[PDB]
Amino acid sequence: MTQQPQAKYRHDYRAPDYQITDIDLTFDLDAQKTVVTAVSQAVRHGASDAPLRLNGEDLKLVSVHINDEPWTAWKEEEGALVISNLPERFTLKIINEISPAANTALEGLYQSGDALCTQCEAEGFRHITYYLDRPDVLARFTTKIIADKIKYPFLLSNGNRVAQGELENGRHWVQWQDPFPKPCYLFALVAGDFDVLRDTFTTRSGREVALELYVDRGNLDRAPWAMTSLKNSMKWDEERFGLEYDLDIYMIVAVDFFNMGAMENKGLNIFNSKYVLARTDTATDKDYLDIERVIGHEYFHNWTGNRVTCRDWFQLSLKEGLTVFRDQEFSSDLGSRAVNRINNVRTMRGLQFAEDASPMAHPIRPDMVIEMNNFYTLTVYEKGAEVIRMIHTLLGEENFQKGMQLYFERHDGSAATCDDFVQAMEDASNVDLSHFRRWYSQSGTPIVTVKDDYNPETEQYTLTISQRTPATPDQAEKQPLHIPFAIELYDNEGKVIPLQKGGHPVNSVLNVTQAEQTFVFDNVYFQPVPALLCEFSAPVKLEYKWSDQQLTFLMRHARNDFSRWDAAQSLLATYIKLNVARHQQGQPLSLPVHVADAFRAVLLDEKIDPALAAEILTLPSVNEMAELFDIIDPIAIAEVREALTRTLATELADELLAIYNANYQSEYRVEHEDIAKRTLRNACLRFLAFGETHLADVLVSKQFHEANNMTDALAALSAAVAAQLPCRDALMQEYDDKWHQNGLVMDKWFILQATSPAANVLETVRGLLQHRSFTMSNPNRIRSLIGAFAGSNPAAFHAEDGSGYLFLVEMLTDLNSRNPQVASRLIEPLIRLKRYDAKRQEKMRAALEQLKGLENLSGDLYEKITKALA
């Protein structure tokens, strides 16, 4: 059932009965008890008898005044203060109390170490005061903060400092104003003691912006890369999208206790310190690139999110899909576009596709939501970005930029919908996107089937392409989509055959708009090898009967790097499926020599970009492998990935070592070419680790001990864990002894513990709940130990005895009361039960039923559990 008393429905959206135009807040801050005074200027738009319904959660109400009159015509109901008999225009004054120190959910105003900080997206501001906590209510904020000066020397909020003072009893105050109207999800406050990295950026039209990065005392050495990436973000948004920052100060605060990654609060972003702090001996290349991504992402929200915001939470993809697309384009333009595209596609096929088949399936613009924090999803974010990328593919850059400009010109200063965005793109480009809009309302992954025919008499190549989407748990009815289907045809020399029809050029993006259609190309002078769905031109599963030689030919000749990688993946997939079937019969790994040879050729190809080689030589993860099957056998998948690694290691031993030694770098630098060389080197080391044991142990221990950087040390440590080499325990103990007082660094070690293939991994993981560097109160530690076990150690999580499931239930029973958002993230592997065999399925079901009986089950878990048990 898509019918629930607690569910909200998109189709029920109505404009609010009241608006707020200006709000003046005062915080009398204290960790045990904070007093909030909120003075709002309000305007009734609806009927004279409609009351004002303000959202509020766990607030202690002290007083309510309307135009300075203490009010009697109100009542408190569950999650609301309902005020009747209001004039048309009035001043509302609310005083209420809250308690940051009791806030373990980390929603609203809470404590991160000694700091106080906020998280208001999506519906967190209602935990601070009674408000119209909905993003179509935009208001101008003024925020005054009063606090103990020794404990909270920095008092920050959105915008600029407009006033400040010193009081008796060691207190002081600062007031802030932000001139841009905003929804309350974008409000922020920080109070604490910090080191501050200060810099400036001058915008293209000459506006000077003060940049300020606040980090815990002692962490300034790990701040410069984030600062540099902020500057890069600003410069890039200017160059690519013509967008400049619109305020005088840009503040970022790094906090250790944060449920998500980061938050785009206007002028005052708040970041998980995971996505800020880096130095060469604490952070890997991938960490540096993630910091760049996330810094960029929150900056890009300043236009796609802040200057134009969301009419209601069902429109989340309006800002997230677009902003992810922007962070991907940023990463891609500065770094390796091919490697970016490859990794985004790995995430789509391996994690997103699984969600879109799960009980939690939803369209990128959802129709029904119980707990909005459950919809910060792979679908809304990653599939949302693929939908924007499809629009880009259909329109081309120049038309796409015209559409962006019309979107802002229409909607700057307001809350918009997905439909308003698509309409701006259509009106600016004159490309019809009516059919295309179905991508917003339909869930599930389309399956595109392609058959082909070559007619040597006429030199025609005919593609017959059909599509369908299977029913999903949320929708019984599906229809065809407007699928942009990019192709390239290759001749026997590896050259592109021009596409034509009736002696006229044809565009290489086919418009696959029907359940079935046929495309006929002329002057196809040789029987072509096709590259199909180039650059993953739509988020679909492809069914095409590839021969192994078509694939190996594409690996050698395809023009774009991505299609070379994509062909390698299709070549492995066949043999992954073969060998999972073999594993279930107790048979050894079987692989044809010609498949090993194709990978040999990549290793020895002198012209190939090392970043591309490295991705071709990174086997699909267990998640991407799971996509290939209707019923997942988690034990066979893990064992096949390991056996395939062992087999290629034996077969390619000499070549692996040679490429490993050739890519040795004496200097460490954070530069894309050097990163590419290192990623290839370490991909070779991974295979070598699974080869002959004595050489493995020597290469790995030596890389670890001689590393001048976390990238090379961690690649070695990870390989020792994964291949269970003799040096493993000693390297793990060394890392612990060196880094235990550094939580971000320890997260890597917890993930390696959690993902270990050793036989007693669950026992070791349970014992790590008492480790000196673990705490249940910190979301990063939880995700690194518990989340990695459940989500990335499928063979242990899915042990036949059900011990993995019980472990997760015990953890969830704690997190359901402590931090429901983290609990809901962690439950995800249990809700996939219908992908598994009957026996596993029945144990997963019993685990879910046990959680369903928790006293005070959170809405967050309830939504996922009821869908899963349906």
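Note that residue numbering follows the sequence shown and begins at 1.
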Between 590 to 598 and 498 to 506 (mean CA B-factor, as deposited), the higher: 498 to 506
Which of 313 to 321 and 98 to 106 has higher mean CA B factor, as the PDB entry lists it: 98 to 106
Peak C-alpha temperature factor (PDB record), options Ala50, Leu833, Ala823, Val39: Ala50
Residue of maximum C-alpha B factor among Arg781, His482, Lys383, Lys151, per deposited coordinates: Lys151
Assigned third (lowest, middle, highest) for the C-alpha B factor of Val580: lowest
Third assignment of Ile20 from its chain's C-alpha B-factors: lowest
Third of the chain's Cα B-factor distribution that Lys852 belongs to, per the entry: highest
Among modelled residues of the same chain, the CA temperature factor third for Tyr130: middle
Among modelled residues of the same chain, the CA temperature factor third for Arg766: highest
